[PDB]
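Reading through the structure tokens given below for one structure.
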Amino acid sequence: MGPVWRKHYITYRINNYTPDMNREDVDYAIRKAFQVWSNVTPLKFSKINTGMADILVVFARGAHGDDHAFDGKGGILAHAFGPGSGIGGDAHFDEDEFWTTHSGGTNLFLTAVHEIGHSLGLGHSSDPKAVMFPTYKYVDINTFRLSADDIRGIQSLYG
Ligand SMILES: O=C(Cn1cccc(O)c1=O)NCCc1ccc(-c2ccccc2)cc1
Ligand SMILES: [Ca+2]
Ligand SMILES: [Ca+2]
Ligand SMILES: [Ca+2]
Ligand SMILES: [Zn+2]
Ligand SMILES: [Zn+2]
């Protein structure tokens with residue numbers, strides 16, 4: 001297996017907010033994205049407002065300090081680093097995307113579920129119904145669920 005967090009209690013911080021959305025809508029999307037993974041693992045996620053966090057959430061564009069420049073509007077929407085110290089675990093969202101609460105532009109929640117998947121140590125799935133499938137499709141956020149493969153995946157890492 002790839003790297004995993006060596007503890008079940010994991011902290012996150014939002015470094016900065018996309019101007020695409022209300023601040024409160026960003027907090028909710030991220031919180032709900034961690035809750036999706038919390039619901040099928042022993043993992044507990046704690047939001048910190050100041051100081052050291054395992055998972056730093058970042059909105060940045062272009063070349064943004066890692067070896068993985070974004071590519072402007074479209075193509076790559078986001079990446080994340082698997083478990084580790086420093087940039088390990090951090091989730092980066094391409095600010096050249098139009099982040100939304102809905103089916104318009106790019107839904108932040110759905111993208112964050114995928115990214116936090118990687119932050120917890122998951123690769124991509126070959127199952128097209130998996131959130132860890134490489135490509136973004138909007139699906140109804142009310143009816144949204146992890147696929148059997150996504151649960152199998154994160155449960156093989158934690159519990
Ligand atoms: O950045 C991407 C997808 N993507 C799209 C167009 C062109 C690309 O080169 C490309 O990589 N993927 C990482 C983000 C991501 C992947 C899957 C999902 C997803 C959304 C809803 C249900 C299942 C998976 C969300 C976000
Ligand atoms: Ca992009
Ligand atoms: Ca980190
Ligand atoms: Ca934007
Ligand atoms: Zn990055
Ligand atoms: Zn991915």
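Residue numbers for the sequence shown follow our numbering, beginning at 1 and rising by one. We treat Cβ as the ideally placed atom computed from N, Cα and C, and that holds for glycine.
Proximity test, Cβ basis, 9 angstroms: residue i and chain D
{"i": "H92", "result": "The structure shown contains no chain D, having only a single protein chain."}
Beta-carbon proximity of residue i to residue j, cut-off 9 angstroms
{"i": "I151", "j": "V40", "result": "yes"}
{"i": "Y12", "j": "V58", "result": "no"}
{"i": "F70", "j": "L110", "result": "no"}
{"i": "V26", "j": "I116", "result": "no"}
{"i": "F81", "j": "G88", "result": "yes"}
{"i": "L77", "j": "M21", "result": "no"}
{"i": "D54", "j": "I14", "result": "no"}
{"i": "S103", "j": "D127", "result": "no"}
{"i": "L157", "j": "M1", "result": "yes"}
{"i": "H8", "j": "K44", "result": "yes"}
{"i": "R61", "j": "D90", "result": "no"}
Neighbourhood of residue i by C-beta distance below 8 angstroms, restricted to the same chain and skipping five residues each side
{"i": "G84", "result": "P3"}
{"i": "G159", "result": "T41, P42"}
{"i": "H64", "result": "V58, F70, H92"}
Supposed contact pair residue j and residue i - C-beta distance, whole angstroms, cut 8 angstroms
{"i": "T101", "j": "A29", "result": "7 angstroms"}
{"i": "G72", "j": "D96", "result": "5 angstroms"}
Where residue i sits in the DSSP three-state scheme
{"i": "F34", "result": "helix"}
{"i": "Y28", "result": "helix"}
{"i": "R152", "result": "helix"}
{"i": "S126", "result": "coil"}
{"i": "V139", "result": "coil"}
{"i": "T111", "result": "helix"}
{"i": "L43", "result": "coil"}
{"i": "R145", "result": "coil"}
{"i": "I116", "result": "helix"}
{"i": "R61", "result": "coil"}
{"i": "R23", "result": "helix"}
{"i": "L157", "result": "helix"}
Buried versus exposed, by CB contacts within 10 Å (16 or more), residue i
{"i": "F98", "result": "exposed"}
{"i": "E24", "result": "exposed"}
{"i": "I48", "result": "exposed"}
{"i": "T106", "result": "buried"}
Own chain, CB closer than 6 angstroms to residue i, minus 5 neighbours either side, in chain order
{"i": "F133", "result": "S125"}
{"i": "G153", "result": "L122"}
Close Cβ partners of residue i (< 7 angstroms) along its chain, the five nearest in sequence each way excluded
{"i": "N16", "result": "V58, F59"}
{"i": "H114", "result": "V131, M132"}
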